[PDB]
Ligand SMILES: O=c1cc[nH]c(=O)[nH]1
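A lone chain, given as structure tokens: the form solved without this ligand.
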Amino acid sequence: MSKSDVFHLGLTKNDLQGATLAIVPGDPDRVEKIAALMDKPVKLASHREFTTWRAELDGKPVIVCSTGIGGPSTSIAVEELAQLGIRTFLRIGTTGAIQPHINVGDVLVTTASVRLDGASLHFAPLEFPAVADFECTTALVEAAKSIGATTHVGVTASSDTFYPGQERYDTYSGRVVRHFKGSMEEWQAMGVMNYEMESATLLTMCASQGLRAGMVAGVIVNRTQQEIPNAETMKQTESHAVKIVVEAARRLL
């Protein structure tokens, strides 16, 4: 089993030009959406879950990509992006929250994540912290002040499966949960704001070399309040979190 260099993504080094910055959301039907709030946004490729788009932001280029679900999908998009020339990864998602005071619509800026995945352990072992960059968390927290969004800074728990423990989640069971049942109220007490699944790998890769990674979200859901949130409200959440990371980036370029 030999090979010849690589395969995946679609990028060529020369495409993205000399971008350096990368915004990596999860969902591919959201990459064009972010690239729109910018100038001269182009489609670069769409090689299965990994959807690239370029744009300029004040004369300076910025790459909006797509990662997929789970740490494994992410670690690929990132491994190849970092080699293409990228040294800054800004992520925007729309998570759900485990804290009662956190309302739907608010922003979440992840200083660091509780590692509950298995891909991150390939980069740096379960002792090294999954910590976000400082200029990256700064840009995003101050850029959210210049948008007027009740931002929440803190810890996010990124899992390898659709968020264990209690919670509620109409959890499909009968054979309950494994060594993860009472883990939900535990994190909840430890001031962990939200669950999610890709940062453990994003942050820990970056942290452990070059780096400058950061995560920004938007609570589209909270495991307690009913009707939360009405559809119109849900999507209105997805927008502000894009203005903030495109804006965060303008402050890093």
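Residue numbers run from 1 along the displayed sequence. Basically, rigid core = biggest C-alpha set you can superpose within 1.5 Å across the two forms.
Another form, the form deposited with this ligand bound, is not on view; read the next lines as being about it.
- In this form the binding site remains open, since this ligand, overlaid from its pose in the deposited bound form, puts no atom within 2.4 angstroms of a backbone or C-beta atom.
- With respect to this ligand in the deposited bound form, the three residues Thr88, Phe123 and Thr204 uniformly fall beyond 4.5 angstroms at the level of their nearest heavy atom.
- In terms of contact with this ligand in the deposited bound form, the residue from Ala213, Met193, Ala35, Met197 that brings a heavy atom within 4.5 Å is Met197.
- Think of it this way: in the deposited bound form, this ligand has a heavy atom of just one of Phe162, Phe134, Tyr169, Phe128 within 4.5 Å, and the residue is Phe162.
- Listed stretches are 179-187, 88-96, 142-150, 105-113; the contact stretch with this ligand in the deposited bound form is 88-96, by a heavy atom cutoff of 4.5 Å.
- Although the partner is absent here, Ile220 sits close enough that one of its heavy atoms falls within 4.5 Å of this ligand in the deposited bound form.
- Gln166 is the only residue from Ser159, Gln166, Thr151, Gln99 whose Cα shifts by 2 Å or more between the shown form and the other one, the rigid core being superposed.
- Residue displacement note: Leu126 has its CA displaced by under 2 Å between the shown form and the other one (rigid core superposed).
- Core-superposed comparison between the shown form and the other one: the C-alpha position of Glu227 differs by no less than 2 Å.
- Relative to this conformation, an increase of 3 Å or more in the Cα-Cα distance between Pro125 and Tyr163 is found in the deposited bound form.
- A change of 3 Å or more separates the two forms for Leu116 and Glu167: their C-alpha atoms lie closer together in the deposited bound form.
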